[PDB]
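Asks: Take a look at the following structure, please.
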Amino acid sequence: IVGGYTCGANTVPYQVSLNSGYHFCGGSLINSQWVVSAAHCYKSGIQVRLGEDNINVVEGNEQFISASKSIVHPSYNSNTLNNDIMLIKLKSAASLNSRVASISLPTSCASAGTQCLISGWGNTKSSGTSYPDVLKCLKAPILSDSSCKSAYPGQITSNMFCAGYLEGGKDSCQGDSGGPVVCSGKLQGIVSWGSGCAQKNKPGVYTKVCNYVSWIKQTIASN
Ligand SMILES: [Ca+2]
């Protein structure tokens, strides 16, 4: 996250870290045994880390549970990033409290102009590399589809949206991928791609979760 603030320990209780010997992508806890992430984070051998604040210190609230199964969206296209969404089932159900909780799936798509919260452990610089060890948060608006398509001519599909600031300075960044964008207490986005971070006229691009709800629910019901 570039340009954001330190969330504070377990203030974002649905936020997960996907670990394969190291933190590589974020994710969102959607019920006790399922996590939603970005299809571009797919790896074999993922462990899910819940209850984290400082990913490099064991502080007391953590649950580390291996993934049993990972499902990439049937239509995921790695060259376009269209349908950049993945389901991970946990080997065991998580124990859900105030500090480890699931986030609700949306009923409606959120509109341009809505303010959302984006969080993760990604790079905090627009030029060069500096990874935080604690969880970083950004409030940012959803931009209009017009402003989005006009920043990224030819590249935006119906299953994406932009959010952030055309002036730059504040965005998501490398390592924040697969993490949540939550608006009005619902999961509306997944951190997916962008051109660099926090650059002028190159907002972050996010998977539009409200398009996938029927897919999510059907998959979870059957697996
Ligand atoms: Ca920790």
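We name chains A, B, ... following the order of the structure tokens; residues begin at 1 in each chain, and ligands are numbered from 1 as shown.
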May I ask you to write as a PyMOL selection string all residues lying at most 7 Å from ligand 1, with only C-alpha atoms and all ligand atoms counted?
Replies: chain A and resi 52-59+62
Asks: List as a Markdown table every residue of stretch 144-215 of chain A that is in contact with stretch 117-120 of chain A, defined as an atom at most 7 Å from one of its atoms (using only C-alpha atoms), together with the nearest atom pair and the distance in Å rounded to one decimal, sorted by chain and then rising number.
Replies:
```
| residue | atom | partner | partner_atom | distance |
| --- | --- | --- | --- | --- |
| A:176 | CA | A:120 | CA | 4.9 |
| A:179 | CA | A:120 | CA | 6.3 |
| A:180 | CA | A:118 | CA | 5.9 |
| A:181 | CA | A:118 | CA | 4.7 |
| A:182 | CA | A:117 | CA | 5.4 |
| A:183 | CA | A:117 | CA | 6.5 |
```
Asks: Would you output that residue set with N, CA, C and O atoms, as a PDB file, in the first residue's frame?
Replies:
```
ATOM      1  N   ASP A 176       0.284  -6.610  -2.460  1.00  0.00           N
ATOM      2  CA  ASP A 176      -1.092  -6.320  -1.982  1.00  0.00           C
ATOM      3  C   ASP A 176      -2.068  -7.148  -2.779  1.00  0.00           C
ATOM      4  O   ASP A 176      -3.214  -7.357  -2.315  1.00  0.00           O
ATOM      5  N   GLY A 179      -5.702  -9.184  -2.120  1.00  0.00           N
ATOM      6  CA  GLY A 179      -6.325  -8.577  -0.912  1.00  0.00           C
ATOM      7  C   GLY A 179      -7.688  -7.909  -1.135  1.00  0.00           C
ATOM      8  O   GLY A 179      -8.217  -7.810  -2.272  1.00  0.00           O
ATOM      9  N   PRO A 180      -8.324  -7.548  -0.061  1.00  0.00           N
ATOM     10  CA  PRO A 180      -9.735  -7.059  -0.095  1.00  0.00           C
ATOM     11  C   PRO A 180      -9.903  -5.588  -0.496  1.00  0.00           C
ATOM     12  O   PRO A 180      -9.154  -4.724  -0.006  1.00  0.00           O
ATOM     13  N   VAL A 181     -10.993  -5.292  -1.120  1.00  0.00           N
ATOM     14  CA  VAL A 181     -11.496  -3.935  -1.189  1.00  0.00           C
ATOM     15  C   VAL A 181     -12.926  -3.960  -0.667  1.00  0.00           C
ATOM     16  O   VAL A 181     -13.777  -4.708  -1.210  1.00  0.00           O
ATOM     17  N   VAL A 182     -13.127  -3.375   0.487  1.00  0.00           N
ATOM     18  CA  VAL A 182     -14.403  -3.582   1.205  1.00  0.00           C
ATOM     19  C   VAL A 182     -15.132  -2.280   1.269  1.00  0.00           C
ATOM     20  O   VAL A 182     -14.464  -1.307   1.638  1.00  0.00           O
ATOM     21  N   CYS A 183     -16.357  -2.240   0.839  1.00  0.00           N
ATOM     22  CA  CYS A 183     -17.131  -1.011   0.840  1.00  0.00           C
ATOM     23  C   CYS A 183     -18.408  -1.247   1.586  1.00  0.00           C
ATOM     24  O   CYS A 183     -19.135  -2.204   1.233  1.00  0.00           O
TER      25      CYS A 183
END
```
Asks: Set the distance at 6 Å and use only C-alpha atoms: which residues neighbour stretch 157-167 of chain A once local chain neighbours fewer than 3 positions away are removed? I'd like the list as a list in words.
Replies: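 My list of contacting residues is residues 140, 141, 142, 143, 148, 200, 201, 203, 204, 205, 206, 207 and 208 of chain A.
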Asks: Would you mind exporting C-alpha atoms of the selected residues as a PDB file, in the first residue's frame?
Replies:
```pdb
ATOM      1  CA  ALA A 140     -10.101   5.196  -1.673  1.00  0.00           C
ATOM      2  CA  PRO A 141     -13.144   5.917  -3.870  1.00  0.00           C
ATOM      3  CA  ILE A 142     -14.419   3.774  -6.714  1.00  0.00           C
ATOM      4  CA  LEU A 143     -13.850   5.789  -9.938  1.00  0.00           C
ATOM      5  CA  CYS A 148     -11.131   3.978 -15.702  1.00  0.00           C
ATOM      6  CA  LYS A 200      -0.464   9.934 -12.025  1.00  0.00           C
ATOM      7  CA  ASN A 201      -3.411   8.692 -14.065  1.00  0.00           C
ATOM      8  CA  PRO A 203      -5.157   4.007 -10.614  1.00  0.00           C
ATOM      9  CA  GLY A 204      -5.317   0.444  -9.223  1.00  0.00           C
ATOM     10  CA  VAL A 205      -7.536  -2.046 -11.094  1.00  0.00           C
ATOM     11  CA  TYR A 206      -9.651  -4.486  -9.032  1.00  0.00           C
ATOM     12  CA  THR A 207     -11.715  -7.601  -9.776  1.00  0.00           C
ATOM     13  CA  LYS A 208     -15.509  -6.783  -9.522  1.00  0.00           C
TER      14      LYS A 208
END
```
Asks: Which of these residues is nearest to residue A:124, using only C-alpha atoms: A:172, A:31, A:223, A:195?
Replies: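 Nearest candidate to residue A:124 out of A:172, A:31, A:223, A:195: A:172.
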Asks: Distance atom CA of residue A:80-atom CA of residue A:14, one decimal place?
Replies: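 That distance, rounded to one decimal, is 27.8 Å.
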Asks: Please give the complete set of residues from chain A that DSSP, run on the backbone, assigns to strand (DSSP E or B), formatted as a PyMOL selection string.
Replies: chain A and resi 2+5-6+15-19+23-31+34-37+47-50+63-72+77+82+86-90+104+115-120+136-142+160-163+171+180-183+186-193+199+202+204-208
Asks: Just C-alpha atoms for this one: save the residues we selected as an mmCIF file, in the first residue's frame.
Replies:
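Below you can see part10.cif, which holds the result:
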```
data_model
loop_
_atom_site.group_PDB
_atom_site.id
_atom_site.type_symbol
_atom_site.label_atom_id
_atom_site.label_comp_id
_atom_site.auth_asym_id
_atom_site.auth_seq_id
_atom_site.Cartn_x
_atom_site.Cartn_y
_atom_site.Cartn_z
ATOM 1 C CA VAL A 2 1.493 3.349 -0.962
ATOM 2 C CA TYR A 5 -1.739 4.360 7.192
ATOM 3 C CA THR A 6 -1.106 1.583 9.620
ATOM 4 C CA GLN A 15 -7.552 -10.103 5.992
ATOM 5 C CA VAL A 16 -5.391 -13.128 5.337
ATOM 6 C CA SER A 17 -1.816 -13.657 4.195
ATOM 7 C CA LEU A 18 -0.979 -16.387 1.692
ATOM 8 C CA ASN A 19 2.327 -17.935 2.713
ATOM 9 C CA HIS A 23 4.160 -13.729 2.280
ATOM 10 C CA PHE A 24 3.288 -13.472 -1.384
ATOM 11 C CA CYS A 25 -0.338 -12.316 -1.727
ATOM 12 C CA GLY A 26 -3.250 -11.262 0.416
ATOM 13 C CA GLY A 27 -6.803 -12.635 0.600
ATOM 14 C CA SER A 28 -10.189 -12.428 2.318
ATOM 15 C CA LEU A 29 -11.891 -14.800 4.725
ATOM 16 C CA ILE A 30 -15.483 -15.366 3.425
ATOM 17 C CA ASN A 31 -16.535 -18.079 5.837
ATOM 18 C CA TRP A 34 -13.005 -20.540 2.425
ATOM 19 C CA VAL A 35 -10.731 -17.677 1.263
ATOM 20 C CA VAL A 36 -11.111 -15.512 -1.861
ATOM 21 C CA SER A 37 -7.912 -14.260 -3.674
ATOM 22 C CA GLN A 47 -0.557 -21.978 3.790
ATOM 23 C CA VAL A 48 -3.233 -19.515 4.947
ATOM 24 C CA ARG A 49 -2.297 -17.080 7.800
ATOM 25 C CA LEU A 50 -5.227 -15.584 9.816
ATOM 26 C CA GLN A 63 -4.158 -19.255 12.941
ATOM 27 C CA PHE A 64 -2.019 -20.973 10.277
ATOM 28 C CA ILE A 65 -3.999 -23.494 8.281
ATOM 29 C CA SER A 66 -2.905 -25.235 5.058
ATOM 30 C CA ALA A 67 -5.032 -25.098 1.931
ATOM 31 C CA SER A 68 -6.766 -28.392 0.928
ATOM 32 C CA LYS A 69 -7.903 -27.211 -2.562
ATOM 33 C CA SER A 70 -7.487 -24.188 -4.786
ATOM 34 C CA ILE A 71 -9.965 -23.325 -7.581
ATOM 35 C CA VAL A 72 -9.100 -20.806 -10.255
ATOM 36 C CA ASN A 77 -7.032 -15.199 -18.621
ATOM 37 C CA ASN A 82 -9.846 -10.867 -16.942
ATOM 38 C CA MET A 86 -9.575 -17.714 -7.049
ATOM 39 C CA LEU A 87 -11.137 -19.830 -4.202
ATOM 40 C CA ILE A 88 -8.989 -21.579 -1.535
ATOM 41 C CA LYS A 89 -10.514 -24.147 0.842
ATOM 42 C CA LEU A 90 -8.829 -24.568 4.249
ATOM 43 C CA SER A 104 -19.864 -10.622 3.699
ATOM 44 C CA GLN A 115 -15.404 5.072 -0.477
ATOM 45 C CA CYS A 116 -13.733 1.706 0.274
ATOM 46 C CA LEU A 117 -10.936 0.337 2.434
ATOM 47 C CA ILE A 118 -7.999 -1.458 0.814
ATOM 48 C CA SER A 119 -5.381 -3.270 2.962
ATOM 49 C CA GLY A 120 -2.257 -5.368 2.676
ATOM 50 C CA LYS A 136 -1.379 -1.004 5.949
ATOM 51 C CA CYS A 137 -4.767 0.481 5.038
ATOM 52 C CA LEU A 138 -5.962 2.983 2.341
ATOM 53 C CA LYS A 139 -9.369 4.544 1.964
ATOM 54 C CA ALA A 140 -10.101 5.196 -1.673
ATOM 55 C CA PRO A 141 -13.144 5.917 -3.870
ATOM 56 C CA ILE A 142 -14.419 3.774 -6.714
ATOM 57 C CA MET A 160 -12.947 -4.860 -13.414
ATOM 58 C CA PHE A 161 -13.138 -1.540 -11.733
ATOM 59 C CA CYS A 162 -10.746 1.288 -10.887
ATOM 60 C CA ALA A 163 -10.379 2.852 -7.481
ATOM 61 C CA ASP A 171 -2.640 3.100 -4.284
ATOM 62 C CA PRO A 180 -9.735 -7.059 -0.095
ATOM 63 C CA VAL A 181 -11.496 -3.935 -1.189
ATOM 64 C CA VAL A 182 -14.403 -3.582 1.205
ATOM 65 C CA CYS A 183 -17.131 -1.011 0.840
ATOM 66 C CA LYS A 186 -19.078 -5.904 1.999
ATOM 67 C CA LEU A 187 -16.333 -7.432 -0.159
ATOM 68 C CA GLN A 188 -16.513 -5.447 -3.461
ATOM 69 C CA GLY A 189 -13.022 -5.869 -4.871
ATOM 70 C CA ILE A 190 -9.869 -7.921 -5.091
ATOM 71 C CA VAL A 191 -6.532 -6.179 -5.672
ATOM 72 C CA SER A 192 -5.630 -7.287 -9.177
ATOM 73 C CA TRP A 193 -3.406 -5.015 -11.310
ATOM 74 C CA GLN A 199 1.457 6.947 -10.523
ATOM 75 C CA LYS A 202 -2.772 5.051 -13.422
ATOM 76 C CA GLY A 204 -5.317 0.444 -9.223
ATOM 77 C CA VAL A 205 -7.536 -2.046 -11.094
ATOM 78 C CA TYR A 206 -9.651 -4.486 -9.032
ATOM 79 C CA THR A 207 -11.715 -7.601 -9.776
ATOM 80 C CA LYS A 208 -15.509 -6.783 -9.522
#
```
Asks: Could you pull out all residues of stretch 57-164 of chain A with a DSSP call of alpha helix (DSSP H) and give them as an mmCIF file with N, CA and C atoms, in the first residue's frame?
Replies:
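See states_14.cif below for the written result:
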```
data_model
loop_
_atom_site.group_PDB
_atom_site.id
_atom_site.type_symbol
_atom_site.label_atom_id
_atom_site.label_comp_id
_atom_site.auth_asym_id
_atom_site.auth_seq_id
_atom_site.Cartn_x
_atom_site.Cartn_y
_atom_site.Cartn_z
ATOM 1 N N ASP A 145 -16.440 4.289 -14.530
ATOM 2 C CA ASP A 145 -15.982 3.382 -15.568
ATOM 3 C C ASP A 145 -15.389 4.145 -16.731
ATOM 4 N N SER A 146 -15.809 5.382 -16.883
ATOM 5 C CA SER A 146 -15.316 6.296 -17.935
ATOM 6 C C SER A 146 -13.886 6.741 -17.692
ATOM 7 N N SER A 147 -13.634 7.115 -16.473
ATOM 8 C CA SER A 147 -12.335 7.543 -15.995
ATOM 9 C C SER A 147 -11.393 6.345 -15.960
ATOM 10 N N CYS A 148 -11.938 5.196 -15.654
ATOM 11 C CA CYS A 148 -11.131 3.978 -15.702
ATOM 12 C C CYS A 148 -10.656 3.558 -17.115
ATOM 13 N N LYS A 149 -11.573 3.433 -18.027
ATOM 14 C CA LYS A 149 -11.350 3.061 -19.402
ATOM 15 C C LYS A 149 -10.493 4.124 -20.053
ATOM 16 N N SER A 150 -10.555 5.320 -19.576
ATOM 17 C CA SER A 150 -9.783 6.330 -20.202
ATOM 18 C C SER A 150 -8.368 6.446 -19.676
ATOM 19 N N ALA A 151 -8.162 5.887 -18.508
ATOM 20 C CA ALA A 151 -6.786 5.658 -18.018
ATOM 21 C C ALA A 151 -6.180 4.415 -18.647
#
```
Asks: Which residue, A:10, A:219, A:83, A:75, has the smallest gap to residue A:100 when you use only C-alpha atoms?
Replies: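 Residue with the minimum atom-to-atom distance to residue A:100: A:10.
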Asks: Between A:135, A:81, A:105, A:9, single out the one closest to residue A:156, counting only C-alpha atoms.
Replies: A:81
Asks: Using Å and a single decimal, report how far atom CA of residue A:122 sits from atom CA of residue A:144.
Replies: 25.1 Å
